[PDB]
Every structure is written in C-alpha cells, then in structure tokens.
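Working notes, structure below.
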Number of protein chains: 2
Amino acid sequence: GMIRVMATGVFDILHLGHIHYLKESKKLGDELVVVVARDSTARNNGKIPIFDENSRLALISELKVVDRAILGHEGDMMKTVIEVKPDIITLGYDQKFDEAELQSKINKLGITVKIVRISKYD
Amino acid sequence: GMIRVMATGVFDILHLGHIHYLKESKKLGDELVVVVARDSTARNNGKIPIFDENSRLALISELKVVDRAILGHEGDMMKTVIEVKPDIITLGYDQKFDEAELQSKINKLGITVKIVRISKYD
Ligand SMILES: Nc1ncnc2c1ncn2[C@@H]1O[C@H](COP(=O)(O)O)[C@@H](O)[C@H]1O
C-alpha cells in the first residue's frame, strides 16, 4: 500500500547532482529504494569506483531522502526489478537506457512499471 | 531539555569516517549542528577543497543525522561557539591537543560547554 520508486547508479563521489536525481525521484512516490551498482557491474561499464560497493551503499543509506538502499545483481537488472517491485523506475538524465526498450523488456517479464527520465541538475 | 551538539569539518569528499563522526555526535544529544569550514579557512589550513563551500554545506545538510548546518567563521572559532551556543562540542579521536586548547578557552571564559572526543573509526 505505497508508491515505490526505484532509482539506480554507482554513487562513488556524492554530489549535489545525485541529490537532485534522488529528490526528484522521491517526489514521485512514497518510498525511495536506491539500487547501488556492484563494483564488478561498474567495471564492466568502464568505471572503477574509488569507493567499494559496501562503502557506496552505506553512504547512500545515510541520506534523508533514501528510505532503503540495496546492492544490484551482477549481470541481472531483470532480477533486481523482480525483487524490488517498483511502481516507478527513474532514469538519470545521462543513463544509457532507451525508455522504450526498458519498458518492453520489463513488460516481457509480465511487470507494469512507469519509467520516468529525471532532469539534469543545474 | 534538548541537548545541542556542535560538530565541525571541511567535509570535502564525503566518506564513512565523516559518517561515523557525525552519527556518533548525534547520539550524544537531540540536535546536531554541523559547522562547515569556509573555503578560505580550509585553504589557510593547507587543505584546498575541490568542492566549494556552498556545495559542501548543502551536501552535509542532506544527511539523516544532521539537523542544521552552517558555514563557520573565517578565522574565529569562539565567535561560532558564542553564536551556536552548543551544550557539547565534538572532536575526532586523534584530537587531544585541540581538546586541551579548547578546554582552556572554555575555562577562562567560564561558559558551560562540554567537549567530547568521538571513538576511533574502523
Ligand atoms: N549532475 C547531475 N544532474 C542530474 N543527475 C545526476 C547528476 N550526476 C549524477 N546524476 C544521476 O545520479 C545517478 C547516479 O550517477 P552515477 O553515480 O554517475 O552513476 C544517475 O541516474 C545519474 O544521471
């Protein structure tokens, strides 16, 4: 009985652009669940985080706007969305997903979710 | 009685050391006020921060455990203490020298303010 919003990212060096992404995400519902990329997932995207996955998760968990934070699953965003059951998934201004592709992918799993692109912080 | 705790720092790049300092400081009272160093002060103490003072302050304000955050005074700590009027001032575990120095200031003036060193972070 609440609108659950899922946001994602690496969150290596926290900065106000993150805060903008997370607050705009929280506004859309009641609960904000943040999925923090695994170090392996981050490397496979050509980033080696300065802070390890456990440290990045713990810091994100300390933010007022974050209700729950969990680690992602290496290789398997399908499973995260199945386990979180968001009503809404938010995409950062620069995140590399096509809203259409993501939607059809999620619909093939028999899940209905609203996908929203968040603005760049200025 | 609502105990006011004052913590201080630059908080340039947030990390779990900062979180342990802030979180343990909050545990000691009811309101945590964080005093964030101005860019001139940090520079003058030989630590150039990469994030500007307004950014650092704004990010610190987003932490669950922080009730209020303010910019410090350009080179005059006792002026901050006189304005914030904390019940407790929190220092890092390593800072016994700063502790003794602050204690002499307190004692000469005869104000009621308790200094507490926070436990060493792991
Ligand atoms: N400057 C910014 N403006 C808006 N959103 C941002 C900014 N910086 C990071 N984000 C978002 O925060 C999430 C995590 O970014 P990252 O830690 O770079 O993976 C992604 O959705 C980003 O688009």
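Within each chain, counting starts at residue 1; across the structure tokens, chains are named A, B, ... in the order shown, with ligands numbered 1 upward in that order.
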
At most 6 Å is the cut-off: for each residue in chain A with any atom that close to an atom of chain B, write down the nearest atom pair and the distance in Å rounded to one decimal, counting only C-alpha atoms, chain first then increasing number, as a tab-separated table.
residue	atom	partner	partner_atom	distance
A:62	CA	B:63	CA	5.6
A:63	CA	B:63	CA	4.6
A:64	CA	B:64	CA	4.5

Could you name the residues that touch residue 75 of chain B at 12 Å or less, counting only C-alpha atoms, but leaving out those on the same chain fewer than 6 positions away, as JSON, numbers by chain? {"B": [37, 38, 39, 40, 41, 42, 43, 44, 45]}

Generate a file of the selected residues that holds C-alpha atoms, formatted as an mmCIF file, in the first residue's frame.
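Written file, selection.cif:
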data_model
loop_
_atom_site.group_PDB
_atom_site.id
_atom_site.type_symbol
_atom_site.label_atom_id
_atom_site.label_comp_id
_atom_site.auth_asym_id
_atom_site.auth_seq_id
_atom_site.Cartn_x
_atom_site.Cartn_y
_atom_site.Cartn_z
ATOM 1 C CA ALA B 37 34.626 25.321 7.016
ATOM 2 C CA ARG B 38 34.657 28.216 4.553
ATOM 3 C CA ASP B 39 36.871 27.804 1.530
ATOM 4 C CA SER B 40 39.339 30.468 2.837
ATOM 5 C CA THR B 41 39.685 28.737 6.213
ATOM 6 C CA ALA B 42 40.302 25.326 4.615
ATOM 7 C CA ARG B 43 42.820 26.858 2.195
ATOM 8 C CA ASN B 44 44.584 28.709 5.026
ATOM 9 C CA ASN B 45 44.876 25.449 6.918
#

Can you provide chain A as a compact mmCIF listing (two decimals) with C-alpha atoms, in the first residue's frame, superposed onto chain B by least squares across all C-alpha atoms matched in order?
# COMPACT_ATOMS: atom_id res chain seq x y z
CA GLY A 1 15.18 22.71 26.25
CA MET A 2 17.33 20.16 24.36
CA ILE A 3 20.91 18.89 24.38
CA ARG A 4 22.71 20.52 21.55
CA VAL A 5 25.81 18.81 20.04
CA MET A 6 28.33 20.72 17.87
CA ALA A 7 30.55 18.87 15.41
CA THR A 8 32.99 20.44 12.89
CA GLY A 9 35.06 19.71 9.83
CA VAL A 10 35.65 20.34 6.14
CA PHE A 11 33.58 17.43 4.66
CA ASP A 12 35.01 17.75 1.15
CA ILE A 13 34.63 14.08 -0.03
CA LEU A 14 31.88 12.53 2.06
CA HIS A 15 32.71 9.08 3.33
CA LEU A 16 31.64 6.61 5.97
CA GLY A 17 34.24 7.88 8.43
CA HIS A 18 32.33 11.20 8.42
CA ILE A 19 29.11 9.34 9.00
CA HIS A 20 30.70 7.52 11.95
CA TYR A 21 31.87 10.86 13.43
CA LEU A 22 28.46 12.52 12.92
CA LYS A 23 26.35 9.58 14.22
CA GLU A 24 28.48 9.10 17.30
CA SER A 25 28.05 12.87 17.87
CA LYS A 26 24.24 12.77 17.48
CA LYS A 27 24.00 9.94 19.99
CA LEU A 28 25.25 12.25 22.70
CA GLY A 29 22.28 14.60 22.59
CA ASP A 30 19.04 15.63 20.79
CA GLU A 31 20.18 18.05 18.13
CA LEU A 32 23.34 17.95 15.89
CA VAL A 33 24.66 21.16 14.55
CA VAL A 34 27.52 20.79 12.12
CA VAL A 35 29.97 23.65 11.50
CA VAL A 36 31.46 23.37 8.03
CA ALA A 37 34.87 24.99 7.49
CA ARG A 38 35.13 27.97 5.15
CA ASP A 39 37.32 27.50 2.10
CA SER A 40 39.66 30.17 3.47
CA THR A 41 39.81 28.37 6.84
CA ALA A 42 40.53 25.10 5.04
CA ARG A 43 43.38 26.67 2.99
CA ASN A 44 44.96 28.16 6.07
CA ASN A 45 45.13 24.51 7.20
CA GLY A 46 46.91 23.33 4.03
CA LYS A 47 43.84 21.89 2.29
CA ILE A 48 42.18 23.37 -0.75
CA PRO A 49 38.83 21.71 -0.81
CA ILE A 50 37.78 20.14 -4.08
CA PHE A 51 34.23 21.32 -3.42
CA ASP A 52 33.47 24.91 -2.43
CA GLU A 53 32.13 25.83 0.99
CA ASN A 54 28.57 26.27 -0.22
CA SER A 55 28.51 22.88 -1.89
CA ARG A 56 30.09 21.13 1.15
CA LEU A 57 27.48 22.79 3.45
CA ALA A 58 24.52 21.80 1.25
CA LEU A 59 25.61 18.22 0.97
CA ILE A 60 26.16 17.86 4.71
CA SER A 61 22.63 19.30 5.24
CA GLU A 62 21.18 16.35 3.27
CA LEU A 63 22.21 13.77 5.84
CA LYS A 64 19.59 12.17 8.04
CA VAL A 65 21.73 12.63 11.17
CA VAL A 66 22.31 16.36 10.59
CA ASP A 67 19.69 18.72 12.11
CA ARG A 68 21.37 21.97 11.13
CA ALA A 69 24.54 22.90 9.29
CA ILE A 70 26.19 26.32 9.14
CA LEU A 71 29.44 27.73 7.87
CA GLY A 72 32.23 28.59 10.30
CA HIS A 73 33.74 32.05 10.76
CA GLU A 74 37.13 32.73 9.19
CA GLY A 75 39.64 33.11 12.05
CA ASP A 76 37.12 32.99 14.88
CA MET A 77 36.00 29.65 16.43
CA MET A 78 35.30 31.68 19.57
CA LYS A 79 32.40 33.35 17.82
CA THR A 80 30.92 30.16 16.40
CA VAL A 81 30.70 28.55 19.82
CA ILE A 82 29.22 31.79 21.27
CA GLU A 83 26.53 31.82 18.57
CA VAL A 84 25.73 28.02 18.62
CA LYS A 85 25.72 27.59 22.42
CA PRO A 86 26.32 23.86 22.35
CA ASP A 87 26.05 21.71 25.45
CA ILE A 88 28.59 19.40 23.87
CA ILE A 89 31.40 19.84 21.32
CA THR A 90 32.72 16.70 19.63
CA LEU A 91 36.31 16.27 18.39
CA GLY A 92 37.12 13.90 15.54
CA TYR A 93 39.74 11.21 16.27
CA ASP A 94 42.39 13.15 14.31
CA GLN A 95 41.39 16.80 14.89
CA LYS A 96 44.17 19.02 16.15
CA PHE A 97 42.89 20.41 19.47
CA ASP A 98 43.99 19.63 22.99
CA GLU A 99 40.79 18.92 25.03
CA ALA A 100 42.39 20.82 27.97
CA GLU A 101 43.35 23.91 25.99
CA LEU A 102 40.01 24.02 24.19
CA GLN A 103 38.18 23.72 27.53
CA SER A 104 40.10 26.44 29.32
CA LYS A 105 39.71 28.68 26.21
CA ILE A 106 35.94 28.14 26.25
CA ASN A 107 35.80 28.67 30.03
CA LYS A 108 37.61 32.04 29.67
CA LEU A 109 34.61 33.05 27.54
CA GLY A 110 32.37 32.19 30.55
CA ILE A 111 30.85 29.17 28.74
CA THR A 112 30.54 25.64 30.19
CA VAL A 113 30.63 22.84 27.58
CA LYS A 114 31.46 19.14 27.60
CA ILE A 115 34.18 18.18 25.10
CA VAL A 116 34.16 14.62 23.79
CA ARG A 117 36.69 12.87 21.49
CA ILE A 118 35.08 10.54 18.94
CA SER A 119 36.68 7.21 17.95
CA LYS A 120 38.24 6.46 14.56
CA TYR A 121 35.91 4.58 12.23
CA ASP A 122 36.87 0.99 11.58

Looking only at the backbone, which of the residues in segment 66-121 of chain B does DSSP tag as alpha helix (DSSP H), as a ChimeraX atom specification? /B:77-84,96-109

Can you list, as a list in words, every residue of chain A that DSSP puts in strand (DSSP E or B)?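 These are the residues in question: residues 4, 5, 6, 7, 8, 9, 31, 32, 33, 34, 35, 36, 63, 68, 69, 70, 71, 88, 89, 90, 91, 114, 115, 116 and 117 of chain A.
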